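*Asks:* got the complex split up, this is the first portion:
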Amino acid sequence: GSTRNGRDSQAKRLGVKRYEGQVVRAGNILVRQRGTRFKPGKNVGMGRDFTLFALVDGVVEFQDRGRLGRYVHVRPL
Amino acid sequence: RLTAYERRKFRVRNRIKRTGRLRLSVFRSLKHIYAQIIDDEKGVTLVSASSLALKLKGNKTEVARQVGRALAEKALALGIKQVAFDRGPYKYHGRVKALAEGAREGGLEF
Amino acid sequence: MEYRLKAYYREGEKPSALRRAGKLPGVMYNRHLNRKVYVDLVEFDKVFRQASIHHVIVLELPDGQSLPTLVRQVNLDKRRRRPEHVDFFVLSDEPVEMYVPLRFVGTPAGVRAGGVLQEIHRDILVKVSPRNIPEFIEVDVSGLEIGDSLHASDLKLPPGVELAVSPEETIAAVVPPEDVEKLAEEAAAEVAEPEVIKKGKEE
Amino acid sequence: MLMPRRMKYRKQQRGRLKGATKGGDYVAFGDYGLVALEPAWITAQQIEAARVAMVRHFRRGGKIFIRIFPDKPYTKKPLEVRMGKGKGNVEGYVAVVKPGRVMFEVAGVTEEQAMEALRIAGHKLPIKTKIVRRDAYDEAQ
């Protein structure tokens, strides 16, 4: 008697890293995610692993455009 | 259920908006050819130019080029220089190419 | 018949207090009004067991009105099997969707043979004038063998009452009875171990 | 007796038995019903024993409706092994049953017959039960 199971992988610490209204700087990571759960919006880049980040210094804003998906914006200051 | 046309159109427009320029959008009907230079931040048109509105003549291509120059003129007069070319569902060719070259001669920046 | 029931208005009385006092919370509404009401449970229950959602209830309000209503929905307390809230639907002169009782007239052939009539629909949904509410709707089931069945299509409707459900909707059936002779072969019958849906490079 | 023909998973964590039945609370097919008064995992064998007794009461006749189904696998470690070394093996299947559920209904049989059958069936179940008969409340759900 013994187990064929027993493994699991490290947690990846995914999810939003800066919420709406929060002041960010150019480069700040805003969202960490698998695929496009949030899409890059105004002043927001997407890295190869879908990571969303601020393109300019400013304030984070979220936007839910229905069938168009959810969006992270950064509004300049 | 979209069409190859509806898709093509989205696909190019989406790329153009992403860059944040004023967009020179082009409509090409069987007879005429129109041009809005649009600000998508504001959802607004800033300058127009049509073969319909210019009561312009004959050879469609030559006509296009004319609306092209026409657009640029009203455009620079409003301070607009740079802009992005929205070929819509249209291959950049023919009448559209012609319109594009015209706004170019006209001094539009793209 | 057509049944009558005293009703009363409630504002902020707590539904639990009401219930603790023998009163059943409820609401009456239609497109024009929506009022929070309660009834005496034991009175309501007396009516409702005959009424059901099938027959008209008239609500004798304290303001003096007397509104004709259908019970539209009854919430049961799932642990205790008791009503806990009623929806009274205020009939007005438009036609209404509703449930009209089926009567299964006659003894099916299948039942003589030892079978069992499964009264699958004991009522039927119907758009109809309030002024036109049938007491019931007869259905001849006497031609039913095990294992035949009737559908709403086979229903012969009264005047001014239109079907509100698919004609293809089965409404009664006659099925084989329970039999002790089946037990031994059921009790002996080898059943296979459950298959586990393959995960991974298996599928 | 009753068991899933197939499952996505072989073993299920145990869970809890809090609350009244989620649904299954009103009579919905036959004439008389057997409702659970207290929660339990009802075993497939217990279900089948309840059923068989009822058909036995009826001899020939009636319809029995079974409204609970054992899709929960019950696990147990082999005798005398110690703790650890993996989860037990499936030994049977239970149907989770919280208070209020109509577990069985009967139809097509006299009242004294539906009464007695459900009583005897009740004695096979490891919980307290009440026999109900179809009301308007059932019909209105």
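*Replies:* The structure has been received and is ready for your questions. Numbering: from 1, shown residues only, chains lettered A, B, ... in the order given.
*Asks:* distance of the residue in chain B that chain C sits nearest to from residue D:23?
*Replies:* Chain C sits closest to residue B:1 of chain B, with a gap of 28.2 Å, by Cβ to the nearest Cβ. C-beta here means a position set from N, CA and C on the backbone, and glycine is covered the same way. Look at residue B:1 and residue D:23: by Cβ to Cβ, to the nearest Å, they are 38 Å apart.
*Asks:* Pick out whichever of the two has more residues nearby.
*Replies:* Between residue B:1 and residue D:23, counted using other Cβ atoms under 10 Å in any protein chain shown, residue D:23 has the larger neighbour count: 11 against 3.
*Asks:* Can you tell me how far that one is from chain C?
*Replies:* With distances taken as Cβ to the nearest Cβ, to the nearest Å, residue D:23 is found 8 Å from chain C.
*Asks:* From residue D:87, how far out is the residue in chain A positioned nearest to chain D?
*Replies:* In chain A, the residue that lies nearest chain D is residue A:3 (4.2 Å; Cβ to the nearest Cβ). Separation of residue A:3 from residue D:87 (Cβ to Cβ): 8 Å.
*Asks:* With residue B:89 instead?
*Replies:* If you go by Cβ to Cβ, the gap between residue B:89 and residue D:87 works out to 59 Å.
*Asks:* Also residue D:106?
*Replies:* Counting by Cβ to Cβ, the gap from residue D:106 to residue D:87 is 38 Å.
*Asks:* Neighbour count: these two, which is higher?
*Replies:* When residue D:106 and residue D:87 are compared for neighbours, residue D:106 comes out ahead with 27 against 13, by other Cβ under 10 Å.
*Asks:* my guess is the more buried one meets residue D:120, correct?
*Replies:* No. Look at residue D:106 against residue D:120 with Cβ atoms under 8 Å: they stay out of range, at 11.6 Å.
*Asks:* Please enumerate the shared neighbours of the two.
*Replies:* Residues touching both residue D:106 and residue D:120 (Cβ atoms under 8 Å, 6 or more residues apart in numbering or on different chains): residue D:54.
*Asks:* ok and the residue in chain C nearest chain D?
*Replies:* Closest residue of chain C to chain D, Cβ to the nearest Cβ: residue C:116 (3.3 Å).
*Asks:* residues in contact with that residue?
*Replies:* By Cβ under 8 Å, 6+ apart, residue C:116 lies in contact with C:110, C:174, C:175, C:176, C:177, D:61, D:62, D:63, D:107, D:108.
*Asks:* which ones among these are found in strands?
*Replies:* C:174, C:175, D:63, D:107 (DSSP state E).
*Asks:* and then chain E:
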Amino acid sequence: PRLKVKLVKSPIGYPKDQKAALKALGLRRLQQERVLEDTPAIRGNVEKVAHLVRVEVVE
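*Replies:* Adding chain E to what we have so far:
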């Protein structure tokens, strides 16, 4: 107006944040009374440790 708050049941055995609330209210000893401005932040802590406290409206 003002809130007169009195600590009357011991915070011993209650979660740290209720102890923290008493600290925000400045309540340190049983039976101690504190008169506090009746503002919404203060009222939040009074309501938080309501089962430990006796409140009375004053002036």
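*Asks:* wait, does whichever strand in chain C runs longest make contact with chain D?
*Replies:* Longest strand in chain C by number of residues (criterion: DSSP E): strand C:66-77. Yes. Shown here: strand C:66-77 in contact with chain D (Cβ under 8 Å from any Cβ of the partner chain) through C:71, C:73, C:74, C:76, C:77.
*Asks:* Other residues contacting the longest helix along chain B?
*Replies:* Of all the elements of type helix in chain B, the one with the most residues (DSSP state H) is helix B:60-76. Here helix B:60-76 makes contact (Cβ under 8 Å, 6+ apart) with B:24, B:33-35, B:37, B:47-51, B:54, B:56-57, B:81, B:83, B:94-96, B:98-108.
*Asks:* Would you list the buried entries among those?
*Replies:* Among those, those scoring as buried are B:24, B:33-35, B:37, B:47, B:49-51, B:56, B:83, B:95-96, B:98-100, B:102-104, B:106, B:108 (criterion: 16 or more other Cβ atoms under 10 Å in any protein chain shown).
*Asks:* Without its sequence neighbours, what residue ends up closest to the residue of chain D found nearest chain A?
*Replies:* Proximity of chain D to chain A (Cβ to the nearest Cβ) peaks at residue D:86, 4.2 Å away. In space, and not counting its chain neighbours, residue D:86 is closest to residue A:3: 4.2 Å by Cβ to Cβ, 6 or more residues apart in numbering or on different chains.
*Asks:* So the one you found sits against residue D:85, correct?
*Replies:* Yes. Residue A:3 is in contact with residue D:85 according to Cβ under 8 Å; the separation is 7.1 Å.
*Asks:* was I right about residue D:124 contacting residue D:54?
*Replies:* No. Applying Cβ under 8 Å, one finds residue D:124 not in contact with residue D:54, separated by 9.4 Å.
*Asks:* Comparing these two, which residue is more hemmed in?
*Replies:* Shown here are residue D:124 and residue D:54; by other Cβ under 10 Å, residue D:54 has more neighbours (25 against 17).
*Asks:* Find the nearest non-adjacent residue to that one, please.
*Replies:* In space, and not counting its chain neighbours, residue D:54 is closest to residue D:117: 4.4 Å by Cβ to Cβ, 6+ apart.
*Asks:* Give the helix, strand or coil label for the one you found.
*Replies:* The local conformation at residue D:117, judged by DSSP: H, G, I helix; E, B strand; the rest coil, is helix.
*Asks:* Just give me the neighbour total for residue 34.
*Replies:* Went with chain A since none was named. The burial count for residue A:34: 9, using other Cβ under 10 Å.
*Asks:* other chain: chain E
*Replies:* 17.
*Asks:* one more chain, RNA strand F:
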RNA sequence: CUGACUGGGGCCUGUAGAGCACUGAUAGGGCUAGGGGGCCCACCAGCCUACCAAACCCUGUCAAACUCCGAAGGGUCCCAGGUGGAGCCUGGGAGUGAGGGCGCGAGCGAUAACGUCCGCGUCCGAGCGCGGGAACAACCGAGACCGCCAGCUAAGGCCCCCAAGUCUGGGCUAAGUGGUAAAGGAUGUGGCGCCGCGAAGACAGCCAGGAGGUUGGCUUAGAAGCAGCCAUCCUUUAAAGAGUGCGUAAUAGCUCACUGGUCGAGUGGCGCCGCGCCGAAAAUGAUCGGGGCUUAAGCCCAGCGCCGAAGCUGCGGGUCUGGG
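*Replies:* Alright, RNA strand F goes in next:
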């Protein structure tokens, strides 16, 4: 002044619950490919099926690794309260890196363990200091600087051991239940509710009547209401089932059901609630902590009063810290 905690506001989330739209499970029914089987055939198509049954549909459900939904909460940021043995920064010194009980949420285990493994919280650890809990680290109460032959309380208590009520009003319990247990059983008791039947005289008793077809059969070998199911029809009735059981080898043999005379007021059955009864067997001598308690000294409801700690107060003192 930035802290814990709190107020307001934005954003993030996929749990409880629920749902079945997805993935799967699922009872029954409908509809209907596909098989099985029976008619009818090999000239290849038919037809019938109370058989197993796909997809689909309806009713009704199930799921940690399902979700069309989806809270309470939680997290974070902004503004504000918040001066605390708060917070932040640099540095010096550690010890710890065997935890444990309890509550809640899970997993494992057997819906076992004073079990095990995580999460949130608490307490013991280090509060084996104090009151209650008979006794008892972690349950309730409460954070012991010192002193007092002062006061008020907390949990818990107020018949005696034992401080304070043999306190007040309403109710139940007759089991010493209280003062350890389940399925299940029961004319225990009190209280509600719903049915039947009855002065067109019911129930009990003192009296009758219970009857033709017909010892009916799909019925073997007896099967005459009373060995299985797919029959309950009537004649005659004031009434009487092709019958409740006791009866036979099958009968015959009696009563009920059901109508009639006597009395003359209720009677029979179901269900629910409260408190009790049985179910209840273990090993040195018993026992609710003891004595002892029965309109309680038990239980439920509603009161007033007191007792009660190292908690709080009064009085005096010490030390540290802050402020004068």
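*Asks:* residues of the longest strand of chain C that come out buried?
*Replies:* Residues of strand C:66-77 classed as buried: C:67, C:69, C:70, C:71, C:72, C:74, C:75, C:76 (neighbour count, 16+ other Cβ under 10 Å).
*Asks:* list the helices and strands the next helix or strand after that strand packs on?
*Replies:* Sequence-wise, the next helix or strand downstream of strand C:66-77 (DSSP states H and E) is strand C:82-90. Counting contacts by 3 or more Cβ pairs under 8 Å, 6 or more residues apart in numbering or on different chains; DSSP states H and E, strand C:82-90 packs against strand C:23-29, helix C:41-51, strand C:66-77.
*Asks:* so which of those comes closest to residue D:49?
*Replies:* strand C:66-77 (29.1 Å; Cβ to Cβ).
*Asks:* does the closest one come close to RNA strand F?
*Replies:* No. Counting by Cβ under 7 Å from any atom of the strand, RNA strand F has no neighbours in strand C:66-77; the shortest distance is 10.5 Å.
*Asks:* Please enumerate residues in contact with that strand?
*Replies:* Contact partners of strand C:66-77, identified using Cβ under 8 Å, 6+ apart, comprise C:2, C:4, C:28, C:48, C:51-53, C:56-61, C:82-91, C:96, C:98, C:130, D:20, D:25-26, D:137, D:140-141.
*Asks:* Within the sheet, what are the partner strands of that strand, with directions?
*Replies:* strand C:57-60 (antiparallel), strand C:82-90 (antiparallel) (DSSP bridges).
*Asks:* What residues does chain A have near RNA strand F?
*Replies:* By Cβ under 7 Å from any atom of the strand, the residues of chain A that approach RNA strand F are A:15, A:16, A:19, A:20, A:21, A:22, A:23, A:37, A:62, A:64, A:70.
*Asks:* List the contacts of the nearest residue to residue D:77 once chain neighbours are set aside.
*Replies:* Sequence neighbours aside, residue D:88 is the residue nearest to residue D:77 in space, at 4.3 Å (criterion: Cβ to Cβ, 6+ apart). Contacts of residue D:88 were listed using Cβ under 8 Å, 6+ apart, and they are D:75, D:76, D:77, D:78.
*Asks:* Pull out the buried residues from the longest helix of chain B.
*Replies:* Buried-residue list, helix B:60-76, by 16+ other Cβ under 10 Å: B:60, B:63-73, B:75.
*Asks:* Between its first and last residues, how far does stretch B:20-31 reach?
*Replies:* One end of stretch B:20-31 to the other measures 31 Å (Cα to Cα, to the nearest Å).
*Asks:* whoops, I mixed them up, stretch D:74-89
*Replies:* One end of stretch D:74-89 sits 8 Å from the other (Cα to Cα).
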